[PDB]
$ cat target.tsv   # TSV, C-alpha atoms and all ligand atoms
chain	number	residue	atom	x	y	z
A	60	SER	CA	36.44	-48.74	29.28
A	61	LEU	CA	34.21	-51.01	27.20
A	62	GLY	CA	31.47	-48.40	27.46
A	63	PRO	CA	28.00	-48.24	28.54
A	64	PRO	CA	27.26	-48.28	24.86
A	65	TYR	CA	28.40	-51.90	24.77
A	66	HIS	CA	29.59	-53.65	21.61
A	67	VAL	CA	29.11	-57.46	21.62
A	68	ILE	CA	30.59	-59.56	18.79
A	69	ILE	CA	28.15	-62.36	17.95
A	70	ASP	CA	29.49	-65.67	16.70
A	71	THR	CA	27.75	-67.90	14.17
A	72	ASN	CA	25.66	-70.00	16.59
A	73	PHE	CA	24.85	-67.49	19.36
A	74	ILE	CA	21.49	-66.34	17.98
A	75	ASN	CA	20.47	-69.98	17.59
A	76	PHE	CA	21.30	-70.68	21.22
A	77	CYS	CA	19.16	-67.62	22.00
A	78	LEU	CA	16.25	-68.90	19.93
A	79	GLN	CA	16.50	-72.33	21.56
A	80	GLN	CA	16.25	-70.76	25.04
A	81	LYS	CA	13.36	-68.43	24.09
A	82	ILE	CA	15.64	-65.40	24.55
A	83	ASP	CA	15.30	-62.21	22.54
A	84	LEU	CA	18.90	-61.30	21.67
A	85	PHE	CA	18.46	-57.55	22.11
A	86	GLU	CA	16.59	-57.52	25.42
A	87	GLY	CA	18.77	-60.37	26.70
A	88	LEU	CA	22.00	-58.47	26.02
A	89	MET	CA	20.57	-55.24	27.40
A	90	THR	CA	19.36	-57.04	30.53
A	91	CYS	CA	22.69	-58.84	30.97
A	92	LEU	CA	24.65	-55.58	30.76
A	93	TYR	CA	22.11	-53.13	32.31
A	94	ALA	CA	22.71	-50.55	29.58
A	95	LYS	CA	22.48	-49.92	25.85
A	96	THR	CA	24.13	-52.84	24.08
A	97	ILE	CA	24.95	-53.11	20.40
A	98	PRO	CA	25.14	-56.57	18.80
A	99	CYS	CA	27.88	-56.69	16.18
A	100	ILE	CA	28.35	-59.15	13.30
A	101	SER	CA	31.40	-59.41	11.03
A	102	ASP	CA	31.23	-59.91	7.26
A	103	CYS	CA	32.31	-63.51	7.33
A	104	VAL	CA	30.05	-64.48	10.25
A	105	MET	CA	27.25	-62.99	8.14
A	106	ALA	CA	28.34	-65.07	5.12
A	107	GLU	CA	28.07	-68.33	7.09
A	108	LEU	CA	24.51	-67.37	8.04
A	109	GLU	CA	23.79	-66.95	4.32
A	110	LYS	CA	25.55	-70.22	3.55
A	111	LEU	CA	24.33	-72.66	6.25
A	112	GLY	CA	20.73	-72.21	5.12
A	113	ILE	CA	17.67	-73.69	6.66
A	114	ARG	CA	18.43	-73.84	10.37
A	115	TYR	CA	20.10	-70.41	10.25
A	116	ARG	CA	17.27	-68.73	8.33
A	117	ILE	CA	15.85	-67.02	11.42
A	118	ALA	CA	19.38	-66.15	12.56
A	119	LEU	CA	20.03	-64.44	9.21
A	120	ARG	CA	16.96	-62.23	9.48
A	121	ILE	CA	17.72	-61.31	13.10
A	122	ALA	CA	21.26	-60.41	12.03
A	123	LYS	CA	19.86	-57.93	9.49
A	124	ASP	CA	17.94	-55.93	12.13
A	125	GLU	CA	18.58	-52.17	12.27
A	126	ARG	CA	20.17	-52.40	15.70
A	127	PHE	CA	22.99	-54.62	14.45
A	128	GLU	CA	26.25	-52.85	13.61
A	129	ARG	CA	28.07	-54.53	10.72
A	130	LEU	CA	31.84	-54.86	11.10
A	131	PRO	CA	33.73	-54.96	7.77
A	132	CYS	CA	36.45	-57.57	7.43
A	133	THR	CA	39.87	-56.29	6.47
A	134	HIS	CA	40.89	-59.89	5.75
A	135	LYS	CA	40.45	-62.46	2.99
A	136	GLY	CA	37.16	-64.37	2.95
A	137	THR	CA	37.87	-66.68	5.87
A	138	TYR	CA	37.29	-68.15	9.22
A	139	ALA	CA	34.65	-67.02	11.71
A	140	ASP	CA	36.56	-68.09	14.84
A	141	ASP	CA	39.81	-66.54	13.56
A	142	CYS	CA	37.92	-63.43	12.48
A	143	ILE	CA	36.71	-62.63	16.01
A	144	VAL	CA	40.01	-63.55	17.64
A	145	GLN	CA	41.92	-61.29	15.23
A	146	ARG	CA	39.48	-58.40	15.75
A	147	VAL	CA	39.53	-58.47	19.56
A	148	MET	CA	43.31	-58.65	19.52
A	149	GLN	CA	43.54	-55.31	17.69
A	150	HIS	CA	40.59	-53.47	19.24
A	151	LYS	CA	39.92	-54.10	22.93
A	152	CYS	CA	36.53	-52.35	22.72
A	153	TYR	CA	34.48	-55.57	22.51
A	154	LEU	CA	32.68	-58.38	24.28
A	155	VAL	CA	32.27	-61.77	22.58
A	156	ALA	CA	28.99	-63.67	22.78
A	157	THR	CA	29.59	-67.38	22.15
A	158	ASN	CA	28.60	-70.75	23.61
A	159	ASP	CA	31.47	-72.43	21.69
A	160	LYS	CA	33.96	-74.15	23.98
A	161	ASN	CA	36.91	-73.83	21.61
A	162	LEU	CA	36.42	-70.16	20.72
A	163	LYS	CA	36.03	-69.33	24.43
A	164	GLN	CA	39.31	-71.00	25.29
A	165	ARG	CA	40.99	-68.92	22.60
A	166	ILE	CA	39.34	-65.70	23.83
A	167	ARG	CA	40.35	-66.46	27.43
A	168	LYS	CA	43.97	-66.07	26.34
A	169	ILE	CA	43.30	-62.42	25.42
A	170	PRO	CA	43.19	-59.99	28.38
A	171	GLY	CA	40.24	-57.65	28.64
A	172	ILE	CA	37.64	-59.36	26.40
A	173	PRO	CA	34.55	-60.35	28.45
A	174	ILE	CA	32.61	-63.40	27.27
A	175	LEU	CA	28.81	-63.71	27.26
A	176	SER	CA	26.99	-67.02	26.84
A	177	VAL	CA	23.39	-68.20	26.89
A	178	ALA	CA	22.45	-70.28	29.91
A	179	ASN	CA	19.44	-70.88	32.17
A	180	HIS	CA	17.08	-68.75	30.03
A	181	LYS	CA	19.36	-65.67	30.21
A	182	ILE	CA	22.56	-64.27	28.74
A	183	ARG	CA	25.25	-64.39	31.42
A	184	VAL	CA	28.76	-63.01	31.78
A	185	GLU	CA	30.89	-66.14	31.23
A	186	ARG	CA	34.34	-64.46	31.44
A	187	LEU	CA	34.66	-61.30	33.50
A	188	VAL	CA	38.42	-60.72	33.85
A	189	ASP	CA	40.41	-63.90	34.26
A	190	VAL	CA	42.98	-64.95	31.66
A	191	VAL	CA	43.89	-68.60	30.98
A	192	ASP	CA	47.04	-68.84	28.83
B	201	CA	CA	29.13	-48.80	17.31
B	202	ZN	ZN	36.14	-61.52	9.07
$ encode --input "target.tsv" --output "structure tokens" --more "lines below"
Ligand SMILES: [Ca+2]
Ligand SMILES: [Zn+2]
Amino acid sequence: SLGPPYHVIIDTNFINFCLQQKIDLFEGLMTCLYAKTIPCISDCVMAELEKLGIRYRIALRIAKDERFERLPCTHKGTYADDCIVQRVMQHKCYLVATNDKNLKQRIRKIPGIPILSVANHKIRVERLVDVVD
């Protein structure tokens, strides 16, 4: 029910993991999912990219590409991990792309939210179905 127009919420560091592994975000997500995939970026994830500066410069530009869908934040100017977790609790129409061990263990509590991570020169499906309370 997630689609085969797939919506993938990007966390703050995911693009950087992609750049480190010589992965093009867009092709990598498309290849991982075998269908049109839409990378998504919340307002406050986008603000961190503005804020953290030099080593997120190339991430910032990539995040401003046409193919990104921007997700407005209906919350106070806050917390990138909490932002994703709150969004995928309301709307189960999302995947989460993160290599962050703590965010993943929070997402694994939420049924139905697949996790993608960068590994071995590809984006892989890290969490397919299983819940860990
Ligand atoms: Ca969309
Ligand atoms: Zn937010």
$ residues_around --input "target.tsv" --residues "residue 66 in chain A" --least-positions-apart "3" --cutoff "8 Å" --atoms "all atoms listed in the file" --output "ChimeraX atom specification"
/A:61,96-99,152-154
$ closest_atom_pairs --input "target.tsv" --of "chain A" --to "ligand ZN 202 (chain B)" --cutoff "8 Å" --atoms "all atoms listed in the file" --output "CSV"
residue,atom,partner,partner_atom,distance
A:101,CA,B:ZN202,ZN,5.5
A:102,CA,B:ZN202,ZN,5.5
A:103,CA,B:ZN202,ZN,4.7
A:104,CA,B:ZN202,ZN,6.9
A:131,CA,B:ZN202,ZN,7.1
A:132,CA,B:ZN202,ZN,4.3
A:133,CA,B:ZN202,ZN,6.9
A:134,CA,B:ZN202,ZN,6.0
A:135,CA,B:ZN202,ZN,7.5
A:136,CA,B:ZN202,ZN,6.8
A:137,CA,B:ZN202,ZN,6.3
A:138,CA,B:ZN202,ZN,6.7
A:139,CA,B:ZN202,ZN,6.3
A:141,CA,B:ZN202,ZN,7.7
A:142,CA,B:ZN202,ZN,4.3
A:143,CA,B:ZN202,ZN,7.1
$ atom_distance --input "target.tsv" --atom1 "CA of residue 166 in chain A" --atom2 "CA of residue 186 in chain A"
9.2 Å
$ closest_residue --input "target.tsv" --among "A:162, A:177, A:100, A:93" --to "ligand CA 201 (chain B)" --atoms "all atoms listed in the file"
A:100
$ residues_around --input "target.tsv" --residues "range 110-114 of chain A" --least-positions-apart "5" --cutoff "12 Å" --atoms "all atoms listed in the file" --output "list in words"
residues 71, 72, 74, 75, 76, 78, 79, 103, 104, 105, 119 and 120 of chain A
$ residues_near_point --input "target.tsv" --point "(48.2, -69.6, 26.1)" --cutoff "12 Å" --atoms "all atoms listed in the file" --output "list in words"
residues 164, 165, 166, 167, 168, 169, 170, 190, 191 and 192 of chain A
$ atom_distance --input "target.tsv" --atom1 "CA of residue 83 in chain A" --atom2 "CA of residue 64 in chain A"
18.5 Å
$ closest_residue --input "target.tsv" --among "A:129, A:90, A:122, A:106" --to "ligand CA 201 (chain B)" --atoms "all atoms listed in the file"
A:129
$ atom_distance --input "target.tsv" --atom1 "CA of residue 62 in chain A" --atom2 "CA of residue 81 in chain A"
27.2 Å
$ closest_residue --input "target.tsv" --among "A:108, A:155, A:84, A:94" --to "residue 175 in chain A" --atoms "all atoms listed in the file"
A:155
$ axis_aligned_box --input "target.tsv" --around "range 102-114 of chain A" --padding-each-side "5 Å" --output "JSON"
{"center_x": 25.0, "center_y": -66.9, "center_z": 7.0, "size_x": 24.6, "size_y": 23.9, "size_z": 16.8}
$ closest_residue --input "target.tsv" --among "A:118, A:130, A:77, A:148" --to "ligand CA 201 (chain B)" --atoms "all atoms listed in the file"
A:130
$ closest_residue --input "target.tsv" --among "A:149, A:116, A:181, A:65" --to "ligand CA 201 (chain B)" --atoms "only C-alpha atoms and all ligand atoms"
A:65
$ closest_residue --input "target.tsv" --among "A:183, A:151, A:126, A:146" --to "ligand CA 201 (chain B)" --atoms "all atoms listed in the file"
A:126
